[PDB]
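Asker: Sharing my_file.txt (compact mmCIF, C-alpha atoms) below.
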```
# COMPACT_ATOMS: atom_id res chain seq x y z
CA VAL B 1 -159.55 52.67 133.12
CA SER B 2 -157.37 53.58 130.16
CA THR B 3 -156.52 51.01 127.47
CA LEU B 4 -153.09 49.45 127.86
CA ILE B 5 -150.23 49.95 125.41
CA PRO B 6 -149.47 46.31 124.03
CA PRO B 7 -150.87 46.83 120.47
CA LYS B 8 -148.43 49.60 119.61
CA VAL B 9 -145.23 47.97 120.87
CA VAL B 10 -143.87 46.01 117.93
CA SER B 11 -140.20 45.20 117.91
CA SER B 12 -140.53 41.62 119.17
CA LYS B 13 -142.57 40.69 116.11
CA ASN B 14 -139.36 41.57 114.23
CA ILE B 15 -137.78 38.37 115.53
CA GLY B 16 -141.11 37.02 116.70
CA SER B 17 -141.84 34.93 113.66
CA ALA B 18 -139.58 32.49 111.88
CA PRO B 19 -139.56 34.21 108.41
CA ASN B 20 -137.65 37.14 109.95
CA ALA B 21 -134.68 34.73 110.04
CA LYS B 22 -135.31 33.75 106.41
CA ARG B 23 -135.80 37.40 105.48
CA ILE B 24 -132.41 38.48 106.78
CA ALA B 25 -130.91 35.62 104.80
CA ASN B 26 -132.56 36.42 101.44
CA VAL B 27 -132.31 40.22 101.70
CA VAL B 28 -128.58 39.51 101.50
CA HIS B 29 -128.70 36.50 99.18
CA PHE B 30 -131.19 37.98 96.79
CA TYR B 31 -129.76 41.40 96.34
CA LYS B 32 -126.26 39.93 95.87
CA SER B 33 -127.56 37.59 93.18
CA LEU B 34 -126.33 38.27 89.66
CA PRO B 35 -128.81 38.16 86.71
CA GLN B 36 -127.00 35.18 85.24
CA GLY B 37 -123.90 33.52 86.69
CA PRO B 38 -120.33 34.85 86.47
CA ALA B 39 -119.34 32.19 83.89
CA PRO B 40 -119.77 28.38 83.76
CA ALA B 41 -116.35 27.30 82.36
CA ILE B 42 -116.56 25.53 79.08
CA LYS B 43 -113.74 27.21 77.10
CA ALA B 44 -111.04 29.86 77.55
CA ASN B 45 -108.90 29.04 74.48
CA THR B 46 -105.80 27.74 76.23
CA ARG B 47 -106.19 25.18 73.40
CA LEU B 48 -107.28 22.51 75.86
CA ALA B 49 -110.08 24.61 77.20
CA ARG B 50 -111.26 23.99 73.63
CA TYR B 51 -110.97 20.26 74.40
CA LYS B 52 -113.32 20.93 77.32
CA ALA B 53 -115.57 22.98 75.06
CA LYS B 54 -116.00 20.24 72.52
CA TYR B 55 -116.11 17.30 74.91
CA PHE B 56 -116.50 18.14 78.59
CA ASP B 57 -119.49 20.47 78.35
CA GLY B 58 -122.22 20.50 80.95
CA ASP B 59 -124.44 18.38 78.71
CA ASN B 60 -121.78 16.27 76.96
CA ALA B 61 -121.76 12.80 78.44
CA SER B 62 -120.77 11.65 74.93
CA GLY B 63 -117.96 9.12 75.11
CA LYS B 64 -115.76 10.88 72.56
CA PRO B 65 -113.07 12.40 74.90
CA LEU B 66 -112.71 8.98 76.52
CA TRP B 67 -112.19 7.36 73.10
CA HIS B 68 -109.80 10.09 72.06
CA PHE B 69 -107.93 10.00 75.37
CA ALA B 70 -107.72 6.19 75.22
CA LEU B 71 -106.40 6.30 71.68
CA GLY B 72 -103.73 8.73 72.89
CA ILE B 73 -102.31 6.16 75.30
CA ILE B 74 -102.45 3.57 72.47
CA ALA B 75 -100.37 5.95 70.33
CA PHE B 76 -97.92 6.44 73.18
CA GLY B 77 -96.89 2.91 74.09
CA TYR B 78 -97.12 1.66 70.47
CA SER B 79 -94.29 4.06 69.59
CA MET B 80 -92.46 2.85 72.72
CA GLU B 81 -92.72 -0.71 71.36
CA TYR B 82 -90.58 0.54 68.47
CA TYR B 83 -88.33 2.33 70.98
CA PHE B 84 -87.63 -1.05 72.61
CA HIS B 85 -87.87 -3.27 69.53
CA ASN F 1 -235.33 68.89 162.47
CA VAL F 2 -233.15 66.06 163.75
CA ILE F 3 -230.82 67.23 160.97
CA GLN F 4 -230.75 70.67 162.52
CA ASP F 5 -230.15 69.22 165.98
CA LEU F 6 -227.23 67.13 164.78
CA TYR F 7 -225.77 70.02 162.76
CA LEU F 8 -225.97 72.36 165.71
CA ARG F 9 -224.50 69.94 168.22
CA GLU F 10 -221.68 68.67 166.05
CA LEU F 11 -220.35 71.97 164.85
CA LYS F 12 -220.72 73.90 168.06
CA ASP F 13 -220.02 71.60 170.92
CA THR F 14 -216.75 70.00 169.96
CA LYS F 15 -214.30 70.69 167.21
CA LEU F 16 -210.80 69.37 166.55
CA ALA F 17 -208.77 67.98 169.43
CA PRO F 18 -205.07 68.94 169.91
CA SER F 19 -202.45 67.74 167.41
CA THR F 20 -198.93 69.13 167.13
CA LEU F 21 -196.69 69.46 164.08
CA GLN F 22 -193.78 68.36 166.29
CA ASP F 23 -195.48 64.99 166.97
CA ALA F 24 -195.91 64.60 163.18
CA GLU F 25 -192.14 64.78 162.65
CA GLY F 26 -191.65 61.42 164.36
CA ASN F 27 -193.98 59.73 161.88
CA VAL F 28 -192.38 61.20 158.71
CA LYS F 29 -188.91 60.89 157.20
CA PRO F 30 -187.07 64.21 157.76
CA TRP F 31 -184.81 65.95 155.22
CA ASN F 32 -181.11 65.20 155.57
CA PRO F 33 -178.21 66.46 153.45
CA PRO F 34 -176.68 64.76 150.37
CA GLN F 35 -173.27 64.66 152.12
CA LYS F 36 -170.08 64.48 150.06
CA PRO F 37 -169.50 66.03 146.64
CA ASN F 38 -167.72 62.72 145.91
CA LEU F 39 -164.65 64.05 144.08
CA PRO F 40 -162.85 61.39 141.97
CA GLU F 41 -159.06 61.51 142.21
CA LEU F 42 -156.77 61.23 139.19
CA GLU F 43 -155.37 57.79 138.43
CA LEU F 44 -152.43 56.75 136.27
CA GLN F 45 -150.78 60.18 136.19
CA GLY F 46 -147.26 60.34 134.73
CA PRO F 47 -145.29 58.00 132.46
CA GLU F 48 -144.69 55.71 135.49
CA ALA F 49 -147.63 53.68 134.22
CA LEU F 50 -146.46 53.96 130.61
CA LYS F 51 -142.96 52.66 131.23
CA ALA F 52 -144.53 49.90 133.31
CA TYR F 53 -147.03 49.03 130.54
CA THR F 54 -144.51 49.12 127.65
CA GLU F 55 -142.22 46.79 129.56
CA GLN F 56 -144.80 44.60 131.32
CA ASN F 57 -146.74 43.14 128.45
CA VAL F 58 -144.54 42.62 125.46
CA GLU F 59 -147.14 40.37 123.76
CA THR F 60 -147.14 41.40 120.13
CA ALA F 61 -150.07 41.84 117.83
CA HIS F 62 -150.79 38.79 115.71
```
Let me see the file written as C-alpha cells.

Answerer:
Amino acid sequence: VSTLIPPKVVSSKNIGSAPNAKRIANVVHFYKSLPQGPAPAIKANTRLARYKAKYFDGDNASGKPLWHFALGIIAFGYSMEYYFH
Amino acid sequence: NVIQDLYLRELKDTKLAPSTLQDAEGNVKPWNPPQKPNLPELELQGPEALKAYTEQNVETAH
C-alpha cells in the first residue's frame, strides 16, 4: 500500500518548536535595530546640558558636580546672612 | 529344451489379462482448471484518501 503523506506536510513545525516564537520576536527586533543608538544625552548646549557633559556623563561618578552644587547653596544663604544682618 | 517348453507355454497360452484406462483414472489425480484470473481491484482511488491523510496525521518531520 502507498506511503502516507506526513513527511511533506509542514506548517505545524512553523509553530511546532519554541524558537519560532523567538524568531518572530527578533525578526522584528533585529531589523528595527539601529547601528548605534539614537543619542545617549550628554550635552545639547542649553548651557546646563554642558554641566551634564562635564559632570553627569555616563562614566562620571566624580564628586565634582556635588561639590559645585553644594558650594552654590553656601553662596546663596551666605549672601542672605548679609540680607538679614 | 525345458527353456523351449517354458518359452512356448508362456508366450502362447496366456497373455495380458483385462485392464481398462477408465479404472486407471480413479488411481491418478485428474486435470482440473486453474479457476479465477484473480483480478486485483484498485484501492485508494481519488483524493478522498489524500484529504484524509493530510488531515489525519499532522505529525511533523523532526

Asker: One decimal, in Å: what's the spacing between atom CA of residue B:44 and atom CA of residue B:75?

Answerer: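 Value for the atom CA of residue B:44-atom CA of residue B:75 distance: 27.2 Å.
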
Asker: Using all atoms listed in the file, tabulate the residues of chain F lying at most 8 Å from any atom of chain B, each with its closest atom pair and that distance in Å to one decimal, by chain and increasing residue number, as a tab-separated table.

Answerer:
```
residue	atom	partner	partner_atom	distance
F:50	CA	B:5	CA	7.6
F:53	CA	B:5	CA	6.1
F:54	CA	B:5	CA	6.2
F:57	CA	B:6	CA	6.1
F:58	CA	B:6	CA	6.3
F:59	CA	B:6	CA	6.4
F:60	CA	B:10	CA	6.1
F:61	CA	B:7	CA	5.7
```

Asker: I'd like the interatomic distance between atom CA of residue B:42 and atom CA of residue B:65, to a tenth of an Å.

Answerer: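 Going from atom CA of residue B:42 over to atom CA of residue B:65 covers 14.2 Å.
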
Asker: Can you tell me how far atom CA of residue B:39 sits from atom CA of residue B:62, in Å to one decimal?

Answerer: 22.5 Å

Asker: Nearest to residue B:43 among B:58, B:77, B:19, B:72, with distances taken over all atoms listed in the file: which residue is it?

Answerer: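 Among the listed residues, the smallest separation from residue B:43 belongs to B:58.
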
Asker: List the spatial neighbours of stretch 47-53 of chain B as a compact mmCIF listing (two decimals) with C-alpha atoms, keeping the file's coordinate frame - criterion: any atom at most 12 Å away, all atoms listed in the file, same-chain residues fewer than 6 positions off excluded.

Answerer:
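As a result, selection_35.txt now contains:
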```
# COMPACT_ATOMS: atom_id res chain seq x y z
CA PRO B 40 -119.77 28.38 83.76
CA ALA B 41 -116.35 27.30 82.36
CA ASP B 59 -124.44 18.38 78.71
CA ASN B 60 -121.78 16.27 76.96
CA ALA B 61 -121.76 12.80 78.44
CA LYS B 64 -115.76 10.88 72.56
CA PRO B 65 -113.07 12.40 74.90
CA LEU B 66 -112.71 8.98 76.52
CA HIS B 68 -109.80 10.09 72.06
CA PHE B 69 -107.93 10.00 75.37
```

Asker: Using only the atoms of stretch 70-81 of chain B listed in the file, plus 8 Å on each side, state the axis-aligned box centre and edge lengths in Å rounded to one decimal, as AutoDock Vina command-line options.

Answerer:
```
--center_x -100.1 --center_y 4.0 --center_z 72.4 --size_x 31.3 --size_y 25.4 --size_z 21.7
```

Asker: Any chance you could model N, CA, C and O atoms for stretch 41-62 of chain F and send them as a PDB file, in the coordinates of the input?

Answerer:
```pdb
ATOM      1  N   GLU F  41    -160.430  61.096 142.106  1.00  0.00           N
ATOM      2  CA  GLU F  41    -159.060  61.510 142.210  1.00  0.00           C
ATOM      3  C   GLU F  41    -158.357  60.874 141.050  1.00  0.00           C
ATOM      4  O   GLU F  41    -158.635  59.727 140.709  1.00  0.00           O
ATOM      5  N   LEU F  42    -157.443  61.632 140.402  1.00  0.00           N
ATOM      6  CA  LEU F  42    -156.770  61.230 139.190  1.00  0.00           C
ATOM      7  C   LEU F  42    -155.960  59.972 139.389  1.00  0.00           C
ATOM      8  O   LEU F  42    -155.248  59.828 140.379  1.00  0.00           O
ATOM      9  N   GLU F  43    -156.044  59.050 138.408  1.00  0.00           N
ATOM     10  CA  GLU F  43    -155.370  57.790 138.430  1.00  0.00           C
ATOM     11  C   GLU F  43    -154.537  57.721 137.185  1.00  0.00           C
ATOM     12  O   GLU F  43    -154.961  58.154 136.114  1.00  0.00           O
ATOM     13  N   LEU F  44    -153.338  57.109 137.328  1.00  0.00           N
ATOM     14  CA  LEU F  44    -152.430  56.750 136.270  1.00  0.00           C
ATOM     15  C   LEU F  44    -151.637  57.913 135.761  1.00  0.00           C
ATOM     16  O   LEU F  44    -151.058  57.839 134.682  1.00  0.00           O
ATOM     17  N   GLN F  45    -151.553  59.013 136.543  1.00  0.00           N
ATOM     18  CA  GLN F  45    -150.780  60.180 136.190  1.00  0.00           C
ATOM     19  C   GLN F  45    -149.311  59.862 136.040  1.00  0.00           C
ATOM     20  O   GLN F  45    -148.744  59.102 136.823  1.00  0.00           O
ATOM     21  N   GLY F  46    -148.663  60.485 135.028  1.00  0.00           N
ATOM     22  CA  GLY F  46    -147.260  60.340 134.730  1.00  0.00           C
ATOM     23  C   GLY F  46    -146.960  59.140 133.864  1.00  0.00           C
ATOM     24  O   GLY F  46    -147.797  58.255 133.700  1.00  0.00           O
ATOM     25  N   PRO F  47    -145.780  59.119 133.239  1.00  0.00           N
ATOM     26  CA  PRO F  47    -145.290  58.000 132.460  1.00  0.00           C
ATOM     27  C   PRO F  47    -144.812  56.847 133.299  1.00  0.00           C
ATOM     28  O   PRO F  47    -144.220  55.941 132.721  1.00  0.00           O
ATOM     29  N   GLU F  48    -145.052  56.827 134.637  1.00  0.00           N
ATOM     30  CA  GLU F  48    -144.690  55.710 135.490  1.00  0.00           C
ATOM     31  C   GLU F  48    -145.426  54.480 135.055  1.00  0.00           C
ATOM     32  O   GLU F  48    -144.831  53.418 134.881  1.00  0.00           O
ATOM     33  N   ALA F  49    -146.725  54.679 134.731  1.00  0.00           N
ATOM     34  CA  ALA F  49    -147.630  53.680 134.220  1.00  0.00           C
ATOM     35  C   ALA F  49    -147.192  53.220 132.862  1.00  0.00           C
ATOM     36  O   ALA F  49    -147.144  52.031 132.595  1.00  0.00           O
ATOM     37  N   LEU F  50    -146.821  54.175 131.988  1.00  0.00           N
ATOM     38  CA  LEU F  50    -146.460  53.960 130.610  1.00  0.00           C
ATOM     39  C   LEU F  50    -145.238  53.125 130.444  1.00  0.00           C
ATOM     40  O   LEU F  50    -145.236  52.185 129.657  1.00  0.00           O
ATOM     41  N   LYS F  51    -144.189  53.408 131.252  1.00  0.00           N
ATOM     42  CA  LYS F  51    -142.960  52.660 131.230  1.00  0.00           C
ATOM     43  C   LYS F  51    -143.253  51.263 131.705  1.00  0.00           C
ATOM     44  O   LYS F  51    -142.845  50.294 131.067  1.00  0.00           O
ATOM     45  N   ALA F  52    -144.120  51.158 132.747  1.00  0.00           N
ATOM     46  CA  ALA F  52    -144.530  49.900 133.310  1.00  0.00           C
ATOM     47  C   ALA F  52    -145.246  49.084 132.273  1.00  0.00           C
ATOM     48  O   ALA F  52    -144.911  47.927 132.087  1.00  0.00           O
ATOM     49  N   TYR F  53    -146.203  49.690 131.530  1.00  0.00           N
ATOM     50  CA  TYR F  53    -147.030  49.030 130.540  1.00  0.00           C
ATOM     51  C   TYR F  53    -146.257  48.593 129.327  1.00  0.00           C
ATOM     52  O   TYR F  53    -146.477  47.483 128.843  1.00  0.00           O
ATOM     53  N   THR F  54    -145.302  49.429 128.831  1.00  0.00           N
ATOM     54  CA  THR F  54    -144.510  49.120 127.650  1.00  0.00           C
ATOM     55  C   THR F  54    -143.698  47.886 127.922  1.00  0.00           C
ATOM     56  O   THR F  54    -143.698  46.944 127.132  1.00  0.00           O
ATOM     57  N   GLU F  55    -143.050  47.871 129.107  1.00  0.00           N
ATOM     58  CA  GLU F  55    -142.220  46.790 129.560  1.00  0.00           C
ATOM     59  C   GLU F  55    -142.983  45.541 129.918  1.00  0.00           C
ATOM     60  O   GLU F  55    -142.517  44.438 129.639  1.00  0.00           O
ATOM     61  N   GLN F  56    -144.092  45.692 130.684  1.00  0.00           N
ATOM     62  CA  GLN F  56    -144.800  44.600 131.320  1.00  0.00           C
ATOM     63  C   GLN F  56    -145.412  43.605 130.404  1.00  0.00           C
ATOM     64  O   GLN F  56    -145.219  42.406 130.601  1.00  0.00           O
ATOM     65  N   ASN F  57    -146.137  44.061 129.364  1.00  0.00           N
ATOM     66  CA  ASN F  57    -146.740  43.140 128.450  1.00  0.00           C
ATOM     67  C   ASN F  57    -146.131  43.503 127.135  1.00  0.00           C
ATOM     68  O   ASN F  57    -146.243  44.626 126.644  1.00  0.00           O
ATOM     69  N   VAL F  58    -145.310  42.546 126.665  1.00  0.00           N
ATOM     70  CA  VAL F  58    -144.540  42.620 125.460  1.00  0.00           C
ATOM     71  C   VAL F  58    -145.226  41.806 124.399  1.00  0.00           C
ATOM     72  O   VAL F  58    -144.725  41.735 123.280  1.00  0.00           O
ATOM     73  N   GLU F  59    -146.434  41.233 124.688  1.00  0.00           N
ATOM     74  CA  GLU F  59    -147.140  40.370 123.760  1.00  0.00           C
ATOM     75  C   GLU F  59    -147.514  41.176 122.552  1.00  0.00           C
ATOM     76  O   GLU F  59    -148.130  42.234 122.660  1.00  0.00           O
ATOM     77  N   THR F  60    -146.953  40.754 121.400  1.00  0.00           N
ATOM     78  CA  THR F  60    -147.140  41.400 120.130  1.00  0.00           C
ATOM     79  C   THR F  60    -148.408  40.986 119.480  1.00  0.00           C
ATOM     80  O   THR F  60    -148.916  39.883 119.679  1.00  0.00           O
ATOM     81  N   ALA F  61    -148.868  41.904 118.607  1.00  0.00           N
ATOM     82  CA  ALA F  61    -150.070  41.840 117.830  1.00  0.00           C
ATOM     83  C   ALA F  61    -149.887  40.790 116.773  1.00  0.00           C
ATOM     84  O   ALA F  61    -148.935  40.845 115.997  1.00  0.00           O
ATOM     85  N   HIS F  62    -150.822  39.824 116.706  1.00  0.00           N
ATOM     86  CA  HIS F  62    -150.790  38.790 115.710  1.00  0.00           C
ATOM     87  C   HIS F  62    -152.227  38.741 115.196  1.00  0.00           C
ATOM     88  O   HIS F  62    -152.419  39.016 113.982  1.00  0.00           O
TER      89      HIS F  62
END
```
